[PDB]
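Everything below concerns the one structure shown next.
Please treat every number below as a calculation from the coordinates, not as lab data. Positions of Cβ are backbone-derived with ideal geometry, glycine not excepted, and every protein chain shown enters the neighbour counts.
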4 protein chains.
Amino acid sequence: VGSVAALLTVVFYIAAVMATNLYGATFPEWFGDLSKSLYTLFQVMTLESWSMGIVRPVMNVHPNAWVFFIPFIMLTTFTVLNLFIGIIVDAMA
Amino acid sequence: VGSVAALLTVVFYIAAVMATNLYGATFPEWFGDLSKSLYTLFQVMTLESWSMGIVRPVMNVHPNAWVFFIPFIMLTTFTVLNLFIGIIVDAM
Amino acid sequence: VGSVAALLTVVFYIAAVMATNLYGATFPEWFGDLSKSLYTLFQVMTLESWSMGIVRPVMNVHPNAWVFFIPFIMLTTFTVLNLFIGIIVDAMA
Amino acid sequence: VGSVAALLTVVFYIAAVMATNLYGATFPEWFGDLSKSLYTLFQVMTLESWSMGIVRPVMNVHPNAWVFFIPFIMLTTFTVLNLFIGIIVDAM
Ligand SMILES: [Br-]
Ligand SMILES: [Br-]
Ligand code: NA
Ligand code: NA
Ligand code: NA
Ligand code: NA
Ligand code: NA
């Protein structure tokens with residue numbers, strides 16, 4: 001369980017570093033700095049306006065932005081689910 | 001588990017082929033080509049603006065568009081859940 | 001499992017009948033007829049624009065519309081989850 | 001199971017008291033009174049327009065509003081899930 005939580009944090013920071021680099025200059029309110037990026041990627045992970053609100057406006061400038069977000073969503077919005085189930089199963093003793 | 005992942009892919013491509021045909025000419029930014037369609041159907045599967053953003057504007061032109069999306073959502077947003085649980089159970 | 005699916009259908013139709021009556025005259029594009037209502041309540045069950053898109057505009061005219069939707073969300077967005085888990089557990093033999 | 005449901009209610013009312021205090025004067029339609037706050041925090045817990053609709057407009061006035069909502073979302077959108085699974089397991 002602790003190994004899963006460590007994997008997600010390392011993945012979250014690297015993704016937020018990557019996103020700052022890629023879309024910070026063109027979408028500064030969303031990826032302008034690591035802090036803005038970590039907040040956006042959490043919102044993207046929770047799926048709130050991920051497409052209409054974020055990815056569609058982003059993809060308009062970066063046609064292939066989906067190569068980052070779609071797998072990023074597939075990984076985190078699976079790992080979080082796996083982690084949360086992991087705590088629940090471990091709780092029974 | 002591998003059988004489930006294969007079923008979802010085949011279903012996803014056929015649905016995206018179908019949607020391109022049905023709503024590509026009237027909603028090209030959303031279903032204009034297979035690529036645009038696969039991206040939209042993933043967004044529809046995650047449920048982001050599926051109604052207000054997609055299905056409601058679509059249904060305005062195609063009154064019965066719900067006959068495609070509602071079952072499509074019912075299938076994928078069940079199979080993905082079944083697949084993800086399938087990996088978790090198999091891991092132990 | 002079959003008993004759960006029957007309970008949800010009966011609940012869905014009665015809720016959609018109730019909603020047509022309550023908010024059909026003031027919000028016809030959303031609850032104007034049983035068909036429009038069943039489509040809206042599914043969208044509300046999936047949680048797409050349930051508040052900003054539906055309940056907030058509705059509550060503006062019917063201040064207590066939350067007494068219908070909040071429990072309706074609590075019931076269906078629990079029963080569907082319980083039904084889907086029910087099929088998964090029953091599949092193993 | 002009953003202990004979990006009690007923990008969530010106590011957490012929900014305290015969070016809604018806190019939010020009324022913090023953002024009621026600047027965002028009254030959203031946190032103007034405990035009732036408005038409890039309705040908003042449920043909508044935030046379901047994740048409907050939590051960022052674009054609520055937290056982003058809020059953070060514009062309170063730059064650190066994320067210190068409240070992100071953990072609030074992390075707690076409730078875990079406890080509800082844990083509670084719902086708890087009823088399902090106890091049913092057998
Ligand atoms: Br997914
Ligand atoms: Br809920
Ligand atoms: Na949304
Ligand atoms: Na969702
Ligand atoms: Na959502
Ligand atoms: Na959601
Ligand atoms: Na949404």
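Are there any pairs, at least 6 apart or on different chains, whose C-beta atoms fall under 6 Å, with the first in the range A:36-54 and within 7 Å of another protein chain (Cβ to nearest Cβ) and within 12 Å of B:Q43 (Cα to Cα) and the second within 16 Å of ligand 2 (Cβ to nearest atom) and not basic (K, R), and if so, which?
From residues that are within 7 Å of another protein chain (Cβ to nearest Cβ) and within 12 Å of B:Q43 (Cα to Cα), the pairs are A:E48/D:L47; A:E48/D:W50.
Can you pull out every residue in the range A:58-69 that is within 12 Å of chain B (Cβ to nearest Cβ) and assigned to a helix (DSSP H, G or I)? Spell out how you get there, then give the answer.
Narrowing the range A:58-69 to residues within 12 Å of chain B (Cβ to nearest Cβ): A:59-60, A:63-67, A:69.
Passing the criteria: A:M59, A:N60, A:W66, A:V67, A:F69.
What's the number of the condition C:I87 fails, among (1) more than 15 Å from ligand 2 (Cβ to nearest atom); (2) of a type outside the set (K, R); (3) not in a helix (DSSP H, G or I)?
It is condition (3) that C:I87 fails.
Just to be sure I understand the filter: pairs with C-beta atoms under 7 Å, separated by 6 or more residues or on different chains, first member in the range A:70-93 and within 12 Å of chain D (Cβ to nearest Cβ) and over 23 Å from A:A19 (Cα atoms), second member within 16 Å of ligand 2 (Cβ to nearest atom) and part of a helix (DSSP H, G or I). Which pairs pass?
A:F84/D:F78; A:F84/D:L81; A:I88/D:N82; A:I88/D:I85
Considering only the range D:11-51, how many residues are of a type in the set (G, A, S), away from every other protein chain (no Cβ under 14 Å) and free of Cβ contacts under 8 Å to residues at least 12 places away in the same chain?
Adding up the residues that qualify gives 1.
Which one of these does B:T9 not meet: (1) closer than 27 Å to C:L83 by Cβ; (2) β-branched (V, I, T); (3) touching a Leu at 6+ places or on another chain (Cβ under 9 Å)?
Of the numbered conditions (1) closer than 27 Å to C:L83 by Cβ; (2) β-branched (V, I, T); (3) touching a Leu at 6+ places or on another chain (Cβ under 9 Å), the odd one out for B:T9 is (3).
Give the residue, chosen from A:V44, A:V55, A:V17, that is of a type in the set (A, V, I, L, M, F, W, C), in a helix (DSSP H, G or I) and away from ligand 4 (no atom under 16 Å from the Cβ).
Unique residue meeting the criteria: A:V17.
From the list A:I70, A:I54, exactly one residue is surrounded by 15 or more Cβ atoms within 10 Å (Cβ to Cβ) and within 16 Å of ligand 3 (Cβ to nearest atom). Which is it?
A:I54
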